[PDB]
Each structure stands twice: as structure tokens, then as C-alpha cells.
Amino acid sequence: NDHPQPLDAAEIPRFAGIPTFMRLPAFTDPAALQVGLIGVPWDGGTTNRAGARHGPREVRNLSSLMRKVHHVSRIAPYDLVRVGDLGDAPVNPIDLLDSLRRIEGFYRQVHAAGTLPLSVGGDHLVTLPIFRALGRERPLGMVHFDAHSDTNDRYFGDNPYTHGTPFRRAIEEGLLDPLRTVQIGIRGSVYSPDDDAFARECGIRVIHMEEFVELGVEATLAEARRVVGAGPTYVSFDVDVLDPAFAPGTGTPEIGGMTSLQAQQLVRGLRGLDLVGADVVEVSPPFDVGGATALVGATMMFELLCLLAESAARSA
């Protein structure tokens, strides 16, 4: 084939070998890849239960359990395109602004090379430096799976950058197109009598958990696809969209959430869209249980990888 390949499991047992994403070779140069698997070990944007800085290491670890071919779509992503583990974006645990700069820097090297990034957080603030690099020319659409909109304004006085502000920033900076943004799974007590105010004024489509239950998977999918249409789309997967039973290891859980099953069905349903990048954020190992949330992370990573592979091929 000649593409980078995972360590062969008929030969090296899955517990063995240096833990890389999907057991792929490590790369330093983004031009060597069509899809780059990237860690963003960064949780400076976390105002309560931190720990998502350990997400990437543990996702790497549990991705050992992933196999080469998707059993539904039959996509063999490593055969389709050049995929590899591109390491961790530079992070500064003590300096939020420095991290923001340096992560953007890293991502514009990735974008300049033409690689589609598949990223593991890190809390949800990580998605902003990524959009800063990927949405310069044209604004992005987005399918966003989350318990929270992450479109708040300020925290603890007037700090504009937290894991709860990234999509407001991205919209203000013109990186995210709100008319092509759909959010799925929003739930839990809120600060305000009309929380979806910013959302409604700029026209974000918010499918709350309760609307997702009313609609069902198919109708929700039809509505997500309708919102993003034909244009360049990013997929942001916050593991907190899932119920705590499936994703305990997360900073801001809200009970009464999506099932793993349902998340796989929704992601699988995005086949054919022009996906320009994706992430899996908020995996927090210090609140995780037997690496349950790290495994969810790894699997959802692979689900997204398969579709990114197809978009990277189409884009070539």
C-alpha cells in the first residue's frame, strides 16, 4: 500500500508497543500526512473540574483497542489516505494566552500543508485556536455534539477565553458561520431565563436533548445535514453530550444524555459531508473510571477518522 499502517495485530499484541493514536507511526512533518491525529493537552479554559489536559495521553492508550476497518461503512481509512500521529500541539499550562498563540501557530502549519486535523482535547477552548487557523479564508459550518452551547461571553469579571466561550469568539471573529452551525444534546440547568439568546440572534440551530428525543436519530440527522448543507464543515464532539454512564470522565457532566450507540449512529450519518476537521474534547482522566471515557474518545475518534479519510481523498 505504502501508507502509514497501524502495528499489525496478527503479530504485535495490542498491549505492546509505544502508545500512539491507532498504533500508527509518529510524524513531525504535517505534509507527510493527509489526516493528522493531534493531541491538544490543554485545560487552561476550565473553571471548575479540570483534568482534560490528560485526555490525549489516555485516548492514545485506549486507541490500542481500535481495528483497521469500520464494520458498517467498510471504510479502511489507512488504505484510503495517509494517516499518522502528529504528536501534541504546544501547550503552556501556566499561560493561557501563550497556549492560544502557540496552538494557533501549530494549526496553521497543519492547515498550510493541507492536512485535515483530527484533534483530541483538552477542554472545549482548544477548538478556538483550531478555528482561528482553519477558518481564515472561508467561515466553517459545524455539527457540534455537546451538553452546552459554549457560546457564553465572560467569566469571573471579563475573561473572554474559557471552555464555555469558544464558539462565541469563533463567530465574532468570523471563523464560524452561525447559519451553518447545529448543536445537538444541550441540557442541564442554566444561568438565565432565556439562555439561547445569543444562539437565536445569530441563528444557530440548537437541538436540545429534549428535541433530540422528540425527533429521534433520523430526523435529527436530516436536520443537521440540512443546516450544514454542501459547505466546509467541522465536527466537534464533546464527550459530555453522552450520559455520565457512558462518559463519566468529564469535567461538566449533565445527566440524562446521549448513549454511545446514539452518538455512533449520528456520526456515521454524516457520511458524504465535506468534513474539514474534527475533534473529541473534554475527556478528563482524573474523573474517569477504568479508562471508560478514554475508550469512548478513541472510538469516536475512529468513527470521525473514517469520514475524514473520505473527505481527504475527495479533496485531493
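Numbering starts at 1 and runs along the sequence shown.
Of the two stretches examined, 240-248 and 105-113, the record assigns the greater average C-alpha temperature factor to 105-113. Of the two segments examined, 187-195 and 170-178, it is 187-195 that shows the higher average Cα temperature factor in the deposited entry.
The top Cα temperature factor in the record, among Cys306, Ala292, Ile12, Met300, falls on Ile12. Based on the entry's C-alpha B-factors, the most elevated value among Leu215, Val83, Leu128, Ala147 belongs to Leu215. Residue-level temperature factors show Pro232 in the middle third of its chain, judged at the C-alpha atom. Residue-level temperature factors show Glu210 in the middle third of its chain, judged at the C-alpha atom. Sort the chain's modelled residues by C-alpha temperature factor and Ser99 lands in the highest third, per the entry.
Per the deposited record, the Cα B-factor of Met142 falls in the middle third when ranked against the other modelled residues of its chain. Annotation for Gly122: C-alpha temperature factor in the lowest third relative to the rest of the modelled chain, per the entry.
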